[PDB]
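# Commentary on secondary and tertiary structure
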Amino acid sequence: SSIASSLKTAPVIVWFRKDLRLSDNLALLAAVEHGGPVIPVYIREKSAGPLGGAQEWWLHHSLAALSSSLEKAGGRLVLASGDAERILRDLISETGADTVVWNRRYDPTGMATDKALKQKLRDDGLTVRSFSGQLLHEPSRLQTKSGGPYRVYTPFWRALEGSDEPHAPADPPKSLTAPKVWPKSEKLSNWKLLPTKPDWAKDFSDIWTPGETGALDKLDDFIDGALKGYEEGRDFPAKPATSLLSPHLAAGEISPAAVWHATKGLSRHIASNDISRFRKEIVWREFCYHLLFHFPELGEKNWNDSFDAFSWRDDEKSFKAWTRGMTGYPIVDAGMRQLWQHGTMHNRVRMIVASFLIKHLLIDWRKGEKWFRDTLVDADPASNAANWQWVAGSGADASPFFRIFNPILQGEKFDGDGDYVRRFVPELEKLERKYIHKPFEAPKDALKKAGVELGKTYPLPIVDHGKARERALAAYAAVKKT
Ligand SMILES: Cc1cc2nc3c(=O)[nH]c(=O)nc-3n(C[C@H](O)[C@H](O)[C@H](O)COP(=O)(O)OP(=O)(O)OC[C@H]3O[C@@H](n4cnc5c(N)ncnc54)[C@H](O)[C@@H]3O)c2cc1C
Ligand SMILES: Nc1nc(=O)c2c([nH]1)NC[C@@H]1CN(c3ccc(C(=O)N[C@@H](CCC(=O)O)C(=O)O)cc3)CN21
């Protein structure tokens, strides 16, 4: 190291955010190609990070898993809290790194943070490079054949379906070059991301294994499992027919290109309709990000400003009943209880509970959006906002506001035998399917036999369907006169 000294390569910093994976990670691969020591860092920023309590549980386990995977490769994960610029400059100064890399994040606030930071670092002569991976498409570049943003799903789907296959996923690096001396790291346990007493996430582990290995296990199981019959099965919440990839995708533990490529070459065993339908759902995520790019206020302002003057009820009591799954409408209650217990909800039931809040209770959709932000492990700044707005009646793909279905009928249509309701509202277990979705219409004899006392065992409906419907349509008529 004195007289036969090779000229050494400077380190490179890899800044992880919602891309907590080693596979199909172009930033990490760039760091490997760069040579020299690789310095992985995760920063607890003020603005960005987990959208709520459930996602903090997710993040803890995700960071623990990523750290373990990096250590297996010979690296480590540096943890730091505070101002990203100050932290990165301090790491640069300490290590002598000449480059910072990251994977692009496409939520407008995070993208703006990155743009500003990138310019500041470049102005001081640092190399900064950002990479695709979070999305199959580039929202700032993709336009209709006539030069517009996509406003409607089907043409957007046809564009992505018709595009050259997303590039196949890149392998993870098996080894990372480490610095001789590691920068100091914060302790994950000190970040207070986990519940303590009570452990309200105690059943999350029954469903979830956060991190890249868990993501790949979910993908593998889906391809070898529920992908078969997915198209027919996905509408029925009692059936475990979906992939459960959403929080892994949200956390960037698996790329959508990896998911897409996993659906290729399956014709010997899998019907094309199931694959097409699953791909469409992946593209719904893409579309939500497209809309967020084109309308950054998607989570706070109505897409259709005709709704701005809508007069929402000031009824925090009904809102609380909704959050607790105590509406007296079993399918709604089942969904809200599923969410509380497992940090997720079947998509059909998300639509039903969202509609119940907005139309039956006439409560501001933003309140429902915020509740979901705190309780979903998959909370996503594009998909949550976009879906709430569609249920609320804004957007080309929105159901018109005046379309108001009875939760009872939706329950009987998509959960006819009542298995989903019985799973999450077990106090109704003994009711026959005739009354499982409408226990308030059952006769005294049946309620007695099933061990159900309305108002004790299970609540009466907090609103009458007919009256709620009249109220919502009157509110719709009023907003038109504005
Ligand atoms: C009111 C409301 C709020 C929602 N909030 C979120 C959210 O915060 N995060 C989130 O990822 N999804 C959200 N969704 C969409 C959808 O309900 C979930 O993606 C789905 O329940 C996830 O289960 P899965 O992974 O088994 O889906 P699968 O059926 O296996 O679908 C595969 C993937 O496609 C994507 N996807 C599927 N459906 C949709 C959709 N309607 N919109 C956008 N992406 C979709 C997801 O990434 C999902 O993992 C919301 C839907 C509604 C109606
Ligand atoms: N999906 C999901 N499920 C949840 O249960 C959940 C979320 N998400 N997101 C965050 C909130 C907050 N969590 C909490 C936090 C504290 C208490 C708690 O301290 N409970 C006391 C009594 C006070 C009370 O219930 O408010 C207890 O020991 O029962 C309960 C739930 C549950 N949370």
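Residues numbered from 1 in each chain as written, not as in the entry; some residues may be left out. Chains lettered and ligands numbered in written order. Heavy atoms only, no water. Residues with missing side-chain atoms left out of burial classes, pairs and counts.

### Here's the deal with the overall build of the protein chain
Each helix and strand counted, the protein chain has 21 helices and five strands in total. Against the compact-globule benchmark of 23 Å for 482 residues, the protein chain has a radius of gyration of 25 Å, which places it among compact chains. Along the longest, intermediate and shortest principal axes, the C-alpha atoms of the protein chain span 95 × 50 × 50 Å. (Helix = DSSP H or I, 4+ residues; strand = E, 2+ residues; numbered from the N terminus. Rg over C-alpha atoms; globule rule 2.2 N^0.38 Å.)

### Considerations on the sheet that holds strand β2 (residues 38-44)
Ordered by their spatial adjacency, five strands build an open sheet running β3-β2-β1-β4-β5, and the pairing between neighbours is parallel. Every other strand in the sheet has two partners, leaving β3 (78-81) and β5 (127-131) as the edge strands with one partner each. Ignoring strand direction, the axes of neighbouring strands in this sheet form an average angle of 25 degrees. With three bridges connecting them, strand β1 (residues 12-16) and strand β4 (residues 99-103) associate as parallel partners. Considered in β4, the bridge of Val-12 is made with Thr-99. Sheet strands in contact with helix α1 (residues 26-34) are β1, β2, β4 and β5, and its direction is about 155 degrees off that of β4. (Pairing = 2+ DSSP bridges. Axes fitted to C-alpha atoms, helices over the stretch in contact; angles between N-to-C directions. Contact = heavy atoms within 4.5 Å.)

### Looking at the pattern of salt bridges
Taken as a whole and judged by the stated rule, the model has 25 salt bridges. Of the charged contacts in the structure, one is a salt bridge between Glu-165 and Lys-264, with a shortest N-O distance of 2.7 Å. With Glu-165 in the loop between α5 (153-162) and α6 (204-207) and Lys-264 in the loop between α10 (256-261) and α11 (272-294), this residue pair connects regions lying 99 residues apart in the sequence. Looking at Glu-165, the relative accessible area reads 51%, which means it is exposed. On the basis of relative accessibility, which here comes to 30%, the residue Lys-264 falls in the partly exposed class. Where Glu-297 meets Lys-301, a salt bridge forms, and the shortest distance between an N and an O atom there is 2.9 Å. The class of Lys-301 is partly exposed, set by a relative accessible area of 43%. A single salt-bridge network, built from bridges that share partners, covers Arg-17, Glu-45, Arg-105 and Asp-114. (Salt bridge = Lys/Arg side-chain N within 4 Å of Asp/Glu carboxyl O. Buried < 20%, exposed > 50% of the residue type's maximum accessible area, 1.4 Å probe, protein only.)

### Some points on the site of ligand 1
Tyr-230, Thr-242, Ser-243, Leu-244 and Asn-347 are the nearest of the 27 residues found near ligand 1. One of the backbone N or O atoms of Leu-245 is found 3.2 Å from an oxygen atom in ligand 1. For ligand 1, whose free accessible area comes to 820 Å², the fraction covered by protein is 96%. Where the shell around ligand 1 is concerned, the elements lending two or more residues are α9 (246-250), α11, α14 (347-360) and α16 (383-392). Counting residues per element, the shell around ligand 1 draws most heavily on α11, which supplies six residues. Of the residues in the shell around ligand 1, the class split is 15 nonpolar, seven polar and five charged. (Near = heavy atom within 4 Å. Polar contact = N/O pair within 3.5 Å; in protein donor to acceptor, adjacent residues only side chain to side chain. Areas by Shrake-Rupley, 256 points an atom, 1.4 Å probe, with all protein chains shown as cover. Nonpolar A, V, L, I, M, F, W, Y, C, P; charged D, E, K, R; others polar.)

### Overview of the UniProt feature "binding site: DNA" in the protein chain
The sites that UniProt annotates as "binding site: DNA" are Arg-234 and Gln-410. Considering the arrangement of structural elements, one finds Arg-234 in the loop between α8 (230-233) and α9. Judged by relative accessible area, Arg-234 falls into the buried class, the value being 18%. Every residue in contact with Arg-234, bar those within four places of it in the chain, is listed here: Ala-241, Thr-242, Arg-277, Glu-281, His-346 and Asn-347. Assignment of secondary structure puts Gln-410 in helix α17 (residues 407-414). (UniProt positions renumbered as here; feature names shortened; annotations may be inferred.)

### With respect to the side chain of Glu-286
Within the secondary structure layout, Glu-286 lies in helix α11. One polar contact links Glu-286 to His-137, side chain to side chain, over a distance of 2.7 Å. Excluding its chain neighbours within four sequence positions, the residues that come into contact with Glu-286 are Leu-135, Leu-136, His-137, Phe-156, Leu-160 and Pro-256.

### Here's the deal with the side chain of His-342
Tracing the chain through its elements places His-342 in helix α13 (residues 330-342). The exposure class of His-342 is buried, given its relative accessible area of 12%. When near neighbours in sequence (up to four residues on either side) are disregarded, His-342 contacts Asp-203, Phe-204, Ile-207, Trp-208 and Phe-424.

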